[PDB]
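Colleague: PDB, C-alpha atoms and all ligand atoms, saved as my_file.pdb, coming up:
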MODEL        1
ATOM      1  CA  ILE A   1      24.212 -18.368 -16.654  1.00  0.00           C
ATOM      2  CA  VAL A   2      27.095 -20.632 -15.583  1.00  0.00           C
ATOM      3  CA  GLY A   3      26.280 -23.939 -13.915  1.00  0.00           C
ATOM      4  CA  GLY A   4      22.527 -23.702 -14.521  1.00  0.00           C
ATOM      5  CA  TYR A   5      19.985 -25.729 -16.457  1.00  0.00           C
ATOM      6  CA  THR A   6      17.745 -25.310 -19.493  1.00  0.00           C
ATOM      7  CA  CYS A   7      14.613 -23.637 -18.136  1.00  0.00           C
ATOM      8  CA  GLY A   8      12.192 -25.059 -20.695  1.00  0.00           C
ATOM      9  CA  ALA A   9      10.408 -23.020 -23.331  1.00  0.00           C
ATOM     10  CA  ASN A  10       8.263 -20.205 -21.939  1.00  0.00           C
ATOM     11  CA  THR A  11       8.535 -21.444 -18.347  1.00  0.00           C
ATOM     12  CA  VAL A  12       9.818 -17.991 -17.250  1.00  0.00           C
ATOM     13  CA  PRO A  13       7.051 -15.935 -18.862  1.00  0.00           C
ATOM     14  CA  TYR A  14       8.194 -12.545 -17.518  1.00  0.00           C
ATOM     15  CA  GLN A  15      11.710 -12.907 -18.965  1.00  0.00           C
ATOM     16  CA  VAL A  16      12.382 -10.590 -21.898  1.00  0.00           C
ATOM     17  CA  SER A  17      15.334 -10.226 -24.254  1.00  0.00           C
ATOM     18  CA  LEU A  18      16.429  -6.696 -25.136  1.00  0.00           C
ATOM     19  CA  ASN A  19      17.477  -6.632 -28.799  1.00  0.00           C
ATOM     20  CA  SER A  20      19.361  -3.974 -30.784  1.00  0.00           C
ATOM     21  CA  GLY A  21      20.123  -6.201 -33.772  1.00  0.00           C
ATOM     22  CA  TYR A  22      21.132  -8.976 -31.356  1.00  0.00           C
ATOM     23  CA  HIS A  23      20.365  -9.947 -27.765  1.00  0.00           C
ATOM     24  CA  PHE A  24      22.311  -7.733 -25.379  1.00  0.00           C
ATOM     25  CA  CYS A  25      20.540  -7.810 -21.987  1.00  0.00           C
ATOM     26  CA  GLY A  26      17.641  -9.322 -20.120  1.00  0.00           C
ATOM     27  CA  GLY A  27      14.677  -7.633 -18.480  1.00  0.00           C
ATOM     28  CA  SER A  28      11.449  -8.432 -16.643  1.00  0.00           C
ATOM     29  CA  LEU A  29       7.896  -7.628 -17.733  1.00  0.00           C
ATOM     30  CA  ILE A  30       6.124  -5.935 -14.813  1.00  0.00           C
ATOM     31  CA  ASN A  31       2.836  -4.980 -16.539  1.00  0.00           C
ATOM     32  CA  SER A  32       1.525  -5.053 -20.106  1.00  0.00           C
ATOM     33  CA  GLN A  33       3.495  -1.975 -21.104  1.00  0.00           C
ATOM     34  CA  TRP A  34       6.591  -1.760 -18.881  1.00  0.00           C
ATOM     35  CA  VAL A  35       9.850  -3.654 -18.459  1.00  0.00           C
ATOM     36  CA  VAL A  36      12.421  -3.425 -15.614  1.00  0.00           C
ATOM     37  CA  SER A  37      16.092  -3.863 -16.500  1.00  0.00           C
ATOM     38  CA  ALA A  38      19.539  -2.641 -15.402  1.00  0.00           C
ATOM     39  CA  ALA A  39      20.588   0.960 -16.069  1.00  0.00           C
ATOM     40  CA  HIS A  40      23.907  -0.312 -17.369  1.00  0.00           C
ATOM     41  CA  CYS A  41      21.873  -1.916 -20.211  1.00  0.00           C
ATOM     42  CA  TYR A  42      20.721   1.509 -21.448  1.00  0.00           C
ATOM     43  CA  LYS A  43      21.077   2.252 -25.152  1.00  0.00           C
ATOM     44  CA  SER A  44      18.957   3.638 -27.955  1.00  0.00           C
ATOM     45  CA  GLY A  45      17.213   1.445 -30.481  1.00  0.00           C
ATOM     46  CA  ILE A  46      15.754  -1.178 -28.124  1.00  0.00           C
ATOM     47  CA  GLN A  47      13.261  -3.779 -29.284  1.00  0.00           C
ATOM     48  CA  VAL A  48      11.751  -5.778 -26.448  1.00  0.00           C
ATOM     49  CA  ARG A  49      11.342  -9.474 -27.289  1.00  0.00           C
ATOM     50  CA  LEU A  50       8.756 -11.285 -25.186  1.00  0.00           C
ATOM     51  CA  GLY A  51       7.765 -14.929 -25.333  1.00  0.00           C
ATOM     52  CA  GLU A  52      11.267 -16.036 -26.298  1.00  0.00           C
ATOM     53  CA  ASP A  53      12.968 -19.369 -25.804  1.00  0.00           C
ATOM     54  CA  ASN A  54      15.458 -19.803 -28.657  1.00  0.00           C
ATOM     55  CA  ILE A  55      16.489 -16.214 -29.464  1.00  0.00           C
ATOM     56  CA  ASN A  56      17.717 -17.285 -32.941  1.00  0.00           C
ATOM     57  CA  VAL A  57      14.573 -19.132 -34.114  1.00  0.00           C
ATOM     58  CA  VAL A  58      10.998 -17.870 -34.495  1.00  0.00           C
ATOM     59  CA  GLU A  59       9.128 -20.563 -32.532  1.00  0.00           C
ATOM     60  CA  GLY A  60       5.626 -19.059 -32.435  1.00  0.00           C
ATOM     61  CA  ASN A  61       5.094 -17.405 -29.030  1.00  0.00           C
ATOM     62  CA  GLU A  62       7.158 -14.235 -29.535  1.00  0.00           C
ATOM     63  CA  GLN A  63       5.959 -10.672 -29.333  1.00  0.00           C
ATOM     64  CA  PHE A  64       8.426  -8.053 -30.622  1.00  0.00           C
ATOM     65  CA  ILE A  65       7.603  -4.504 -29.428  1.00  0.00           C
ATOM     66  CA  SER A  66       9.768  -1.396 -29.752  1.00  0.00           C
ATOM     67  CA  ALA A  67      10.523   0.762 -26.737  1.00  0.00           C
ATOM     68  CA  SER A  68       8.898   4.199 -26.741  1.00  0.00           C
ATOM     69  CA  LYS A  69      10.760   5.579 -23.706  1.00  0.00           C
ATOM     70  CA  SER A  70      13.603   4.582 -21.437  1.00  0.00           C
ATOM     71  CA  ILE A  71      14.049   5.971 -17.908  1.00  0.00           C
ATOM     72  CA  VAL A  72      17.357   5.348 -16.133  1.00  0.00           C
ATOM     73  CA  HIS A  73      17.127   5.782 -12.363  1.00  0.00           C
ATOM     74  CA  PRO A  74      17.709   9.427 -11.350  1.00  0.00           C
ATOM     75  CA  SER A  75      20.648   8.443  -9.133  1.00  0.00           C
ATOM     76  CA  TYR A  76      22.325   5.781 -11.292  1.00  0.00           C
ATOM     77  CA  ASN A  77      26.124   5.933 -10.976  1.00  0.00           C
ATOM     78  CA  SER A  78      27.837   4.024 -13.779  1.00  0.00           C
ATOM     79  CA  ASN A  79      31.182   3.905 -11.913  1.00  0.00           C
ATOM     80  CA  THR A  80      29.880   2.268  -8.711  1.00  0.00           C
ATOM     81  CA  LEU A  81      26.748   0.686 -10.272  1.00  0.00           C
ATOM     82  CA  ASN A  82      24.693   2.090  -7.402  1.00  0.00           C
ATOM     83  CA  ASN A  83      21.009   2.343  -8.419  1.00  0.00           C
ATOM     84  CA  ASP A  84      21.479  -0.004 -11.402  1.00  0.00           C
ATOM     85  CA  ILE A  85      17.847   0.023 -12.569  1.00  0.00           C
ATOM     86  CA  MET A  86      15.911   1.391 -15.530  1.00  0.00           C
ATOM     87  CA  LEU A  87      12.356   1.272 -16.828  1.00  0.00           C
ATOM     88  CA  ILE A  88      11.429   0.722 -20.481  1.00  0.00           C
ATOM     89  CA  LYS A  89       7.957   1.558 -21.809  1.00  0.00           C
ATOM     90  CA  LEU A  90       6.642  -0.433 -24.753  1.00  0.00           C
ATOM     91  CA  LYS A  91       5.112   1.350 -27.752  1.00  0.00           C
ATOM     92  CA  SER A  92       2.076  -0.961 -27.454  1.00  0.00           C
ATOM     93  CA  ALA A  93       0.787  -3.224 -24.717  1.00  0.00           C
ATOM     94  CA  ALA A  94       1.868  -6.836 -24.798  1.00  0.00           C
ATOM     95  CA  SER A  95      -0.876  -9.431 -25.066  1.00  0.00           C
ATOM     96  CA  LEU A  96      -0.676 -11.288 -21.776  1.00  0.00           C
ATOM     97  CA  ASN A  97      -1.125 -15.059 -21.767  1.00  0.00           C
ATOM     98  CA  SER A  98       0.348 -18.111 -20.021  1.00  0.00           C
ATOM     99  CA  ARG A  99       3.655 -17.691 -21.872  1.00  0.00           C
ATOM    100  CA  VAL A 100       3.924 -13.876 -21.700  1.00  0.00           C
ATOM    101  CA  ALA A 101       3.094 -12.684 -18.203  1.00  0.00           C
ATOM    102  CA  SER A 102       4.070  -9.970 -15.768  1.00  0.00           C
ATOM    103  CA  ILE A 103       6.005 -10.625 -12.549  1.00  0.00           C
ATOM    104  CA  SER A 104       4.803  -9.067  -9.291  1.00  0.00           C
ATOM    105  CA  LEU A 105       6.871  -6.406  -7.577  1.00  0.00           C
ATOM    106  CA  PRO A 106       7.833  -7.200  -3.987  1.00  0.00           C
ATOM    107  CA  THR A 107       5.745  -5.978  -1.092  1.00  0.00           C
ATOM    108  CA  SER A 108       8.655  -6.631   1.259  1.00  0.00           C
ATOM    109  CA  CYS A 109      12.351  -7.149   0.811  1.00  0.00           C
ATOM    110  CA  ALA A 110      13.738 -10.652   0.832  1.00  0.00           C
ATOM    111  CA  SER A 111      16.066 -12.110   3.421  1.00  0.00           C
ATOM    112  CA  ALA A 112      19.346 -13.983   3.172  1.00  0.00           C
ATOM    113  CA  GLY A 113      18.663 -17.702   2.726  1.00  0.00           C
ATOM    114  CA  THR A 114      15.638 -17.208   0.479  1.00  0.00           C
ATOM    115  CA  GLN A 115      15.828 -19.242  -2.715  1.00  0.00           C
ATOM    116  CA  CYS A 116      15.467 -17.468  -6.003  1.00  0.00           C
ATOM    117  CA  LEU A 117      15.364 -18.181  -9.739  1.00  0.00           C
ATOM    118  CA  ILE A 118      17.876 -16.298 -11.927  1.00  0.00           C
ATOM    119  CA  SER A 119      17.574 -16.596 -15.710  1.00  0.00           C
ATOM    120  CA  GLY A 120      19.061 -15.370 -18.959  1.00  0.00           C
ATOM    121  CA  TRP A 121      20.796 -15.913 -22.289  1.00  0.00           C
ATOM    122  CA  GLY A 122      24.270 -14.957 -21.053  1.00  0.00           C
ATOM    123  CA  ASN A 123      27.566 -16.814 -21.269  1.00  0.00           C
ATOM    124  CA  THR A 124      27.535 -20.327 -19.840  1.00  0.00           C
ATOM    125  CA  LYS A 125      31.356 -20.506 -19.309  1.00  0.00           C
ATOM    126  CA  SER A 126      33.452 -18.929 -16.558  1.00  0.00           C
ATOM    127  CA  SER A 127      36.621 -19.332 -18.637  1.00  0.00           C
ATOM    128  CA  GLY A 128      36.017 -18.720 -22.288  1.00  0.00           C
ATOM    129  CA  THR A 129      32.790 -18.084 -24.077  1.00  0.00           C
ATOM    130  CA  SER A 130      29.677 -19.987 -25.121  1.00  0.00           C
ATOM    131  CA  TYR A 131      26.345 -18.252 -25.570  1.00  0.00           C
ATOM    132  CA  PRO A 132      23.188 -20.317 -25.483  1.00  0.00           C
ATOM    133  CA  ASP A 133      20.301 -20.032 -27.845  1.00  0.00           C
ATOM    134  CA  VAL A 134      17.697 -21.137 -25.291  1.00  0.00           C
ATOM    135  CA  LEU A 135      16.933 -19.644 -21.877  1.00  0.00           C
ATOM    136  CA  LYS A 136      19.038 -20.853 -18.929  1.00  0.00           C
ATOM    137  CA  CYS A 137      18.022 -20.925 -15.278  1.00  0.00           C
ATOM    138  CA  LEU A 138      19.770 -21.115 -11.905  1.00  0.00           C
ATOM    139  CA  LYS A 139      18.313 -21.641  -8.435  1.00  0.00           C
ATOM    140  CA  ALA A 140      20.374 -19.692  -5.904  1.00  0.00           C
ATOM    141  CA  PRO A 141      20.007 -18.313  -2.374  1.00  0.00           C
ATOM    142  CA  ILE A 142      20.384 -14.728  -1.288  1.00  0.00           C
ATOM    143  CA  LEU A 143      23.596 -14.322   0.732  1.00  0.00           C
ATOM    144  CA  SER A 144      23.935 -12.360   3.954  1.00  0.00           C
ATOM    145  CA  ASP A 145      24.876  -8.697   3.762  1.00  0.00           C
ATOM    146  CA  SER A 146      27.976  -9.440   5.836  1.00  0.00           C
ATOM    147  CA  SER A 147      29.225 -12.127   3.452  1.00  0.00           C
ATOM    148  CA  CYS A 148      28.450  -9.948   0.417  1.00  0.00           C
ATOM    149  CA  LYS A 149      30.444  -7.057   1.892  1.00  0.00           C
ATOM    150  CA  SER A 150      33.278  -9.396   2.870  1.00  0.00           C
ATOM    151  CA  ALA A 151      33.415 -10.694  -0.728  1.00  0.00           C
ATOM    152  CA  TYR A 152      33.489  -7.151  -2.201  1.00  0.00           C
ATOM    153  CA  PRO A 153      35.062  -4.789   0.357  1.00  0.00           C
ATOM    154  CA  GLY A 154      34.107  -1.170  -0.179  1.00  0.00           C
ATOM    155  CA  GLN A 155      31.655  -1.894  -2.991  1.00  0.00           C
ATOM    156  CA  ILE A 156      28.275  -3.113  -1.679  1.00  0.00           C
ATOM    157  CA  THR A 157      25.656  -0.417  -1.090  1.00  0.00           C
ATOM    158  CA  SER A 158      22.226  -0.674   0.542  1.00  0.00           C
ATOM    159  CA  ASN A 159      20.836  -0.992  -3.008  1.00  0.00           C
ATOM    160  CA  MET A 160      22.670  -4.251  -3.728  1.00  0.00           C
ATOM    161  CA  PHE A 161      22.603  -7.859  -2.565  1.00  0.00           C
ATOM    162  CA  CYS A 162      24.632 -10.929  -3.374  1.00  0.00           C
ATOM    163  CA  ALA A 163      23.141 -14.266  -4.395  1.00  0.00           C
ATOM    164  CA  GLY A 164      24.751 -17.532  -5.397  1.00  0.00           C
ATOM    165  CA  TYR A 165      27.461 -19.754  -4.025  1.00  0.00           C
ATOM    166  CA  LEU A 166      30.738 -18.715  -2.406  1.00  0.00           C
ATOM    167  CA  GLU A 167      32.337 -21.985  -3.557  1.00  0.00           C
ATOM    168  CA  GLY A 168      31.966 -20.866  -7.187  1.00  0.00           C
ATOM    169  CA  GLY A 169      30.649 -22.755 -10.201  1.00  0.00           C
ATOM    170  CA  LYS A 170      27.096 -21.330 -10.335  1.00  0.00           C
ATOM    171  CA  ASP A 171      26.388 -17.697 -11.244  1.00  0.00           C
ATOM    172  CA  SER A 172      24.964 -15.191 -13.689  1.00  0.00           C
ATOM    173  CA  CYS A 173      27.354 -13.927 -16.371  1.00  0.00           C
ATOM    174  CA  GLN A 174      27.878 -11.593 -19.355  1.00  0.00           C
ATOM    175  CA  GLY A 175      24.617 -11.182 -21.253  1.00  0.00           C
ATOM    176  CA  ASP A 176      22.399 -11.982 -18.261  1.00  0.00           C
ATOM    177  CA  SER A 177      22.560  -8.341 -17.112  1.00  0.00           C
ATOM    178  CA  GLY A 178      19.219  -6.696 -16.559  1.00  0.00           C
ATOM    179  CA  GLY A 179      17.388  -9.996 -16.094  1.00  0.00           C
ATOM    180  CA  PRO A 180      15.339 -11.245 -13.182  1.00  0.00           C
ATOM    181  CA  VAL A 181      15.972 -12.667  -9.755  1.00  0.00           C
ATOM    182  CA  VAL A 182      12.566 -13.994  -8.638  1.00  0.00           C
ATOM    183  CA  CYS A 183      11.958 -15.258  -5.110  1.00  0.00           C
ATOM    184  CA  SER A 184       8.594 -16.642  -3.977  1.00  0.00           C
ATOM    185  CA  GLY A 185       6.949 -15.224  -7.086  1.00  0.00           C
ATOM    186  CA  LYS A 186       8.261 -11.651  -6.638  1.00  0.00           C
ATOM    187  CA  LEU A 187      10.942  -9.737  -8.560  1.00  0.00           C
ATOM    188  CA  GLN A 188      13.568  -9.121  -5.851  1.00  0.00           C
ATOM    189  CA  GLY A 189      16.683  -8.577  -7.972  1.00  0.00           C
ATOM    190  CA  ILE A 190      18.116  -7.458 -11.281  1.00  0.00           C
ATOM    191  CA  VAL A 191      21.346  -9.000 -12.639  1.00  0.00           C
ATOM    192  CA  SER A 192      23.865  -6.179 -12.098  1.00  0.00           C
ATOM    193  CA  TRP A 193      27.587  -7.026 -11.692  1.00  0.00           C
ATOM    194  CA  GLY A 194      30.283  -9.248 -10.216  1.00  0.00           C
ATOM    195  CA  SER A 195      33.964  -9.958 -10.658  1.00  0.00           C
ATOM    196  CA  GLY A 196      34.054 -12.462 -13.474  1.00  0.00           C
ATOM    197  CA  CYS A 197      31.470 -15.252 -13.314  1.00  0.00           C
ATOM    198  CA  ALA A 198      31.199 -18.252 -11.010  1.00  0.00           C
ATOM    199  CA  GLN A 199      34.548 -17.565  -9.313  1.00  0.00           C
ATOM    200  CA  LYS A 200      35.182 -18.643  -5.747  1.00  0.00           C
ATOM    201  CA  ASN A 201      34.331 -15.903  -3.238  1.00  0.00           C
ATOM    202  CA  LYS A 202      32.900 -13.667  -6.002  1.00  0.00           C
ATOM    203  CA  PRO A 203      29.137 -14.204  -6.088  1.00  0.00           C
ATOM    204  CA  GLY A 204      26.867 -12.219  -8.330  1.00  0.00           C
ATOM    205  CA  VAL A 205      25.659  -8.798  -7.214  1.00  0.00           C
ATOM    206  CA  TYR A 206      22.064  -7.793  -7.858  1.00  0.00           C
ATOM    207  CA  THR A 207      20.041  -4.573  -7.688  1.00  0.00           C
ATOM    208  CA  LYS A 208      17.756  -4.678  -4.618  1.00  0.00           C
ATOM    209  CA  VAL A 209      14.367  -4.114  -6.301  1.00  0.00           C
ATOM    210  CA  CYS A 210      12.345  -3.682  -3.114  1.00  0.00           C
ATOM    211  CA  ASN A 211      14.089  -0.321  -2.572  1.00  0.00           C
ATOM    212  CA  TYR A 212      12.697   0.947  -5.897  1.00  0.00           C
ATOM    213  CA  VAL A 213       9.010  -0.058  -5.790  1.00  0.00           C
ATOM    214  CA  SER A 214       7.850   3.463  -4.885  1.00  0.00           C
ATOM    215  CA  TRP A 215       9.867   4.986  -7.738  1.00  0.00           C
ATOM    216  CA  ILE A 216       8.653   2.322 -10.184  1.00  0.00           C
ATOM    217  CA  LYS A 217       5.002   2.850  -9.300  1.00  0.00           C
ATOM    218  CA  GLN A 218       5.125   6.640  -9.406  1.00  0.00           C
ATOM    219  CA  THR A 219       7.091   6.622 -12.665  1.00  0.00           C
ATOM    220  CA  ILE A 220       4.555   4.317 -14.320  1.00  0.00           C
ATOM    221  CA  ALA A 221       1.678   6.463 -12.987  1.00  0.00           C
ATOM    222  CA  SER A 222       2.968   9.601 -14.758  1.00  0.00           C
ATOM    223  CA  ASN A 223       4.537   8.163 -17.959  1.00  0.00           C
TER
HETATM  224 CA    CA B 301      12.507 -17.169 -30.718  1.00  0.00          CA
ENDMDL
END
Write out the structure in this file as structure tokens.

Modeller:
Amino acid sequence: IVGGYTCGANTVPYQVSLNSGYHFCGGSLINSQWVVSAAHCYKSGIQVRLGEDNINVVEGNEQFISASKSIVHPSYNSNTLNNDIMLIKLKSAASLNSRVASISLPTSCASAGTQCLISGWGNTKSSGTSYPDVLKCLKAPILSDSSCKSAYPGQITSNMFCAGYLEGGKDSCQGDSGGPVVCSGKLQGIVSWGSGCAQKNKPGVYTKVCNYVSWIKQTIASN
């Protein structure tokens, strides 16, 4: 997260870190046994880390649970990033508490102008590299479809939205991928892609979760 703030320990209780020896992506806990992330975060050997603040220090609220199954969206296209969503099932159910909690799926899609909370352990610099140990947060509005498409001609599908600031300076970045965009207490986005980070006229692009609620629910119901 570039241009954000330190969230505070365990203040984003649905935020998970995906670990394969190291943090490599975010995700969102949606019930005691399932996480939503980005398909472009797929790999084998995932351990889901819940209850994290400092990802390099055991602070006492963590739960580390291996993935038993990963399910990339049936229509994910890694070239266009259309349908950039995956589900991860945990080998055991997380113990839910005030610091480890699920985030509701959206009943309805969100509109441009709605404020959201974007979070992660990604790079905090737009030029160069600095990775935080503690969770970072950014408040950002959803941008209109027309301004998203104008920023990225020929690239924005109906399964994507932009959020952030056209002036630059505030954005998600490398290592935030797969993490949450939460608006009015609902998971509306997944950190997906953008050109660089925090550049003028290049806001972040996010997977539009409301399009996937039916698939999420039916996948959970049979897996
Ligand atoms: Ca920790």

Colleague: Using all atoms listed in the file, which protein or nucleic acid residues are at most 8 Å from ligand CA 301 (chain B), as an MDAnalysis selection string?

Modeller: chainID A and resid 51:62

Colleague: Based on the selection just made, write C-alpha atoms of those residues as a PDB file, in the coordinates of the input.

Modeller:
ATOM      1  CA  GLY A  51       7.765 -14.929 -25.333  1.00  0.00           C
ATOM      2  CA  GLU A  52      11.267 -16.036 -26.298  1.00  0.00           C
ATOM      3  CA  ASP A  53      12.968 -19.369 -25.804  1.00  0.00           C
ATOM      4  CA  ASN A  54      15.458 -19.803 -28.657  1.00  0.00           C
ATOM      5  CA  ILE A  55      16.489 -16.214 -29.464  1.00  0.00           C
ATOM      6  CA  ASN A  56      17.717 -17.285 -32.941  1.00  0.00           C
ATOM      7  CA  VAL A  57      14.573 -19.132 -34.114  1.00  0.00           C
ATOM      8  CA  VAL A  58      10.998 -17.870 -34.495  1.00  0.00           C
ATOM      9  CA  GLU A  59       9.128 -20.563 -32.532  1.00  0.00           C
ATOM     10  CA  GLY A  60       5.626 -19.059 -32.435  1.00  0.00           C
ATOM     11  CA  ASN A  61       5.094 -17.405 -29.030  1.00  0.00           C
ATOM     12  CA  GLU A  62       7.158 -14.235 -29.535  1.00  0.00           C
TER      13      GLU A  62
END

Colleague: With 12 Å as the cut-off and all atoms listed in the file counted, what is the closest atom pair between each nearby residue of stretch 117-140 of chain A and stretch 27-32 of chain A? Distances in Å to one decimal, ordered by chain and number, as CSV.

Modeller:
residue,atom,partner,partner_atom,distance
A:118,CA,A:28,CA,11.2
A:119,CA,A:27,CA,9.8
A:120,CA,A:27,CA,8.9
A:121,CA,A:27,CA,11.0

Colleague: Looking at A:204, A:194, A:178, A:3, which one is nearest to residue A:18, with distances taken over only C-alpha atoms?

Modeller: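 Among the listed residues, the smallest separation from residue A:18 belongs to A:178.
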
Colleague: Quick one: which residues end up in the PyMOL selection byres (((chain A and resi 12) around 9) and not hetatm) for this structure, as an mmCIF file with C-alpha atoms, keeping the file's coordinate frame?

Modeller:
data_model
loop_
_atom_site.group_PDB
_atom_site.id
_atom_site.type_symbol
_atom_site.label_atom_id
_atom_site.label_comp_id
_atom_site.auth_asym_id
_atom_site.auth_seq_id
_atom_site.Cartn_x
_atom_site.Cartn_y
_atom_site.Cartn_z
ATOM 1 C CA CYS A 7 14.613 -23.637 -18.136
ATOM 2 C CA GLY A 8 12.192 -25.059 -20.695
ATOM 3 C CA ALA A 9 10.408 -23.020 -23.331
ATOM 4 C CA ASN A 10 8.263 -20.205 -21.939
ATOM 5 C CA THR A 11 8.535 -21.444 -18.347
ATOM 6 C CA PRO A 13 7.051 -15.935 -18.862
ATOM 7 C CA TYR A 14 8.194 -12.545 -17.518
ATOM 8 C CA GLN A 15 11.710 -12.907 -18.965
ATOM 9 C CA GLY A 51 7.765 -14.929 -25.333
ATOM 10 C CA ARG A 99 3.655 -17.691 -21.872
ATOM 11 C CA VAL A 100 3.924 -13.876 -21.700
ATOM 12 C CA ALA A 101 3.094 -12.684 -18.203
ATOM 13 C CA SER A 119 17.574 -16.596 -15.710
ATOM 14 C CA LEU A 135 16.933 -19.644 -21.877
ATOM 15 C CA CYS A 137 18.022 -20.925 -15.278
#

Colleague: If you count only C-alpha atoms, which residues fall within 8 Å of residue A:85, apart from same-chain ones fewer than 6 positions away, as an NGL selection string?

Modeller: :A and (36-40 or 72-73 or 76 or 178 or 190 or 207)

Colleague: Smallest atom-to-atom distance to residue A:82: which of A:158, A:222, A:150, A:95, using all atoms listed in the file?

Modeller: A:158

Colleague: Starting from the PyMOL selection byres (((chain A and resi 200) around 10) and not hetatm), expand the selection into actual residues of this file and give them as a ChimeraX atom specification.

Modeller: /A:151,165-170,196-199,201-203

Colleague: What separation in Å, quoted to one decimal, exists between atom CA of residue A:124 and atom CA of residue A:19?

Modeller: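 Spanning atom CA of residue A:124 to atom CA of residue A:19 is a straight-line distance of 19.2 Å.
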
Colleague: If I take atom CA of residue A:83 and atom CA of residue A:215, how far is one from the other in Å, to one decimal?

Modeller: 11.5 Å

Colleague: Return as a PyMOL selection string the set of residues that the PyMOL selection byres (((chain A and resi 192) around 6) and not hetatm) yields on the displayed structure.

Modeller: chain A and resi 177+190-191+193+205-206

Colleague: Mind pulling up the distance from atom CA of residue A:111 to atom CA of residue A:152?

Modeller: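 Atom-to-atom, atom CA of residue A:152 to atom CA of residue A:111, that is 19.0 Å.
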
Colleague: Could you give me, as an MDAnalysis selection string, the residues that have an atom at most 7 Å away from the point (21.6, -8.8, 2.3) in the coordinates of the file, using all atoms listed in the file?

Modeller: chainID A and resid 111:112 143:145 161:162

Colleague: I'd like the contact shell of residue A:65 - 7 Å cut-off, all atoms listed in the file, skipping same-chain residues fewer than 3 positions apart - returned as a count of residues only.

Modeller: 6

Colleague: Kindly list the centre and edge lengths in Å, rounded to one decimal, for the axis-aligned box that covers all listed atoms of stretch 10-22 of chain A plus 3 Å on each of its six sides, as AutoDock Vina command-line options.

Modeller:
--center_x 14.1 --center_y -12.7 --center_z -25.5 --size_x 20.1 --size_y 23.5 --size_z 22.5

Colleague: For residue A:130, which residue out of A:104, A:78, A:174, A:17 is the nearest one, using only C-alpha atoms?

Modeller: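 So, comparing all the options, the nearest one is A:174.
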
Colleague: With all atoms listed in the file as the atoms that count, which of A:97, A:175, A:79, A:219 lies nearest to residue A:63?

Modeller: A:97

Colleague: With only C-alpha atoms as the basis for distance, which of A:188, A:98, A:129, A:223 is at the shortest distance from residue A:71?

Modeller: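 When distances to residue A:71 are compared using only C-alpha atoms, the smallest one comes from A:223.
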
Colleague: Taking all atoms listed in the file into account, which of A:50, A:35, A:122, A:208 comes nearest residue A:81?

Modeller: A:208

Colleague: Need to verify the contact set: residue A:105, 8 Å, all atoms listed in the file, exclusion of same-chain residues closer than 2 positions in sequence. Can you return it as JSON, numbers by chain?

Modeller: {"A": [30, 103, 107, 186, 187, 188, 209, 210, 213]}

Colleague: Using all atoms listed in the file, determine which residues lie at most 9 Å from residue A:184, disregarding the query and same-chain residues fewer than 6 positions distant; provide the list as a list in words.

Modeller: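 Answer for this query is residues 114, 115 and 116 of chain A.
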